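The data below hold one chain only, encoded as structure tokens and taken in the form solved without the named molecule.
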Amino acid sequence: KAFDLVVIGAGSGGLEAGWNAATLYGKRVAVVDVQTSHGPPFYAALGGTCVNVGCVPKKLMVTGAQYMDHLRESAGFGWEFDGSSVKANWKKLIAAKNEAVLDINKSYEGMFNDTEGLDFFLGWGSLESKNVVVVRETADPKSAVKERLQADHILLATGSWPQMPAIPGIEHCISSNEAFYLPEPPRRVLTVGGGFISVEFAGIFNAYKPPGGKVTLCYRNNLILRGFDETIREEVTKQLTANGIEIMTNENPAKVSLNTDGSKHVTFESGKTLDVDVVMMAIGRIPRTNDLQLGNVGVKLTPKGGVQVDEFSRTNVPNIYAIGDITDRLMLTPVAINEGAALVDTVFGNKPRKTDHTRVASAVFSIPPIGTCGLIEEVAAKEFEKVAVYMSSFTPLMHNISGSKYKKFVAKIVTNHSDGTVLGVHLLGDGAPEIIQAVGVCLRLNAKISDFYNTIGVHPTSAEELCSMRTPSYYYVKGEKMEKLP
């Protein structure tokens, strides 16, 4: 059966590509995925990682965790109730999450059913040849063939997978995938990694932990959230500690063993040990390239393991493309969507378009959260002669009342001081992810720091702090930090 486009992976990127090809350009599209709905055994499914074991369920679980702060903080505003009666039912959270995600799974299934030139196939897709995608029962290339899809065009969009370090007892550890389906909230949990997944789950586990519970986050280096603003990395560390999460920096598991009670004994490279109910490895995500049989057609990988692509998502093989996490670039849903749309406009429209990977807004659903767009000051300082940093920092008046006085709002703007051009905006505090979206738009209009400070504020908000910073706090000259210009 003959298709213009075969997409392997019904995920953020694959679905955007497929939808657009069918509905905008009247093409015949086949999309393959390994499951129709979320969860064990394969976790991702129709909708992708984001829908099934990613942005969507984690956001709903962070919403859940936020109530731990809201219930306590309400007292300062005169709310009275029996604090001793308060309990966090993990099972109810997971059932509510499960229902929300399943509803999205069914809605996407109806999308395929109701849309011309857009067909779903269940199974494991791989490259037989330049123009043939084979769908099998399992990831085993020896398993029963279900379909052979002849394709003018093949889109690789299989996403990424949790990286598990090669330490003794790694089989006793879980990933984010299993975290979504834990029957019980872990009493003691170690989250391994300093990235957004580790931090976000440390917050989820911290709110739902049974009495006497303890969330520990470890990270092999000095400071969590490498690649984020340094002030914010230091402040989110403080804010996680203030909420009872134990941060172990410069620590890395060397091995994990089974205790007689079913708990885990973690030995660090330092020789420290910790007993936990759960060890969640969140050290990274690697391109999902192994099941695709890329060596059947010679699709080239980078040394890092990504499918190598040019700016238009083309592989070394004509009519084979790769978008989203499999290209091991920015591992974000909206980037995967943008690449898919760009690809389909390039190949099927008269409109060659390439995704802009600069000035992409992103968020960490820490409590409170991070919103960021564009360069951090140390990356700016290597690119530009004169960088100005503007910094506003304060305890929200509401947290003087709530008692959460540790909850510092941070707003930083990084400029090219030569012309005023905003290079980066970095926010920590309630609403930060919401504030930053339209900042993303501002950086596409070559917004200068004067464009922010000449805009009239919305009062009272956190966001108005962006329109109130007129004088640099400090500068980088030829890459060196200093309070005054040299």
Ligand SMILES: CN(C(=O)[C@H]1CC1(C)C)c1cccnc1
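Position 1 is the first residue in the sequence shown; the rest follow in order. Rigid core (definition): largest C-alpha set, two forms, superposition within 1.5 Å.
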For this session: State which stretch is farther from the displayed form on average in 8 other deposited structures of this protein, 303 to 311 or 117 to 125, counting RMS CA distance after fitting on the rigid core.
Result: 303 to 311
For this session: Between 406 to 414 and 253 to 261, pick out the one whose C-alpha positions differ more from the shown form in 8 other deposited structures of this protein, using the rigid core for superposition.
Result: 253 to 261
For this session: Would you tell me which stretch averages the higher CA B-factor in the PDB entry, 306 to 314 or 380 to 388?
Result: 380 to 388
For this session: May I ask you to compare 185 to 193 and 83 to 91 by their mean CA B factor in the entry and name the higher one?
Result: 83 to 91
Seminar exercise, completed: From the entry's CA B-factor values, the highest among 158, 115, 74, 355 is 115
Exercise. Which of these has the highest Cα B-factor in the record: 151, 242, 401, 225?
Worked result: 151
Exercise. C-alpha B factor of residue 375, ranked within the chain: lowest, middle or highest third?
Worked result: middle
Seminar exercise, completed: The third of the chain into which the C-alpha temperature factor of residue 97 falls is the lowest
Problem set entry | CA B-factor placement of residue 64, once the chain's modelled residues are sorted into thirds | lowest
Problem set entry | Chain third (lowest, middle, highest) by recorded CA B-factor, residue given as residue 444 | middle
Problem set entry | Chain-wide C-alpha B factor ranking for residue 472, given as lowest, middle or highest third | highest
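Unshown form deposited with the named molecule bound; subsequent notes refer to it.
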Exercise. Is residue 384 close to the named molecule in the entry with it bound, meaning a heavy atom pair under 4.5 Å apart or at it?
Worked result: no
For this session: Verify the contact flag for residue 364: yes if a non-hydrogen atom of it lies within 4.5 Å of a non-hydrogen atom of the named molecule in the entry with it bound, no if not.
Result: yes
Exercise. Is there a non-hydrogen atom of residue 223 within 4.5 angstroms of a non-hydrogen atom of the named molecule in the entry with it bound?
Worked result: no
Exercise. Any chance residue 332 has a heavy atom within 4.5 Å of the named molecule in the entry with it bound?
Worked result: yes
Exercise. Counting only heavy atoms and a 4.5 Å cutoff, which of 249 to 257, 299 to 307, 227 to 235, 146 to 154 contacts the named molecule in the entry with it bound?
Worked result: 227 to 235
Problem set entry | Residues of 180 to 203 having any heavy atom within 4.5 Å of the named molecule in the entry with it bound, listed in sequence order | 196
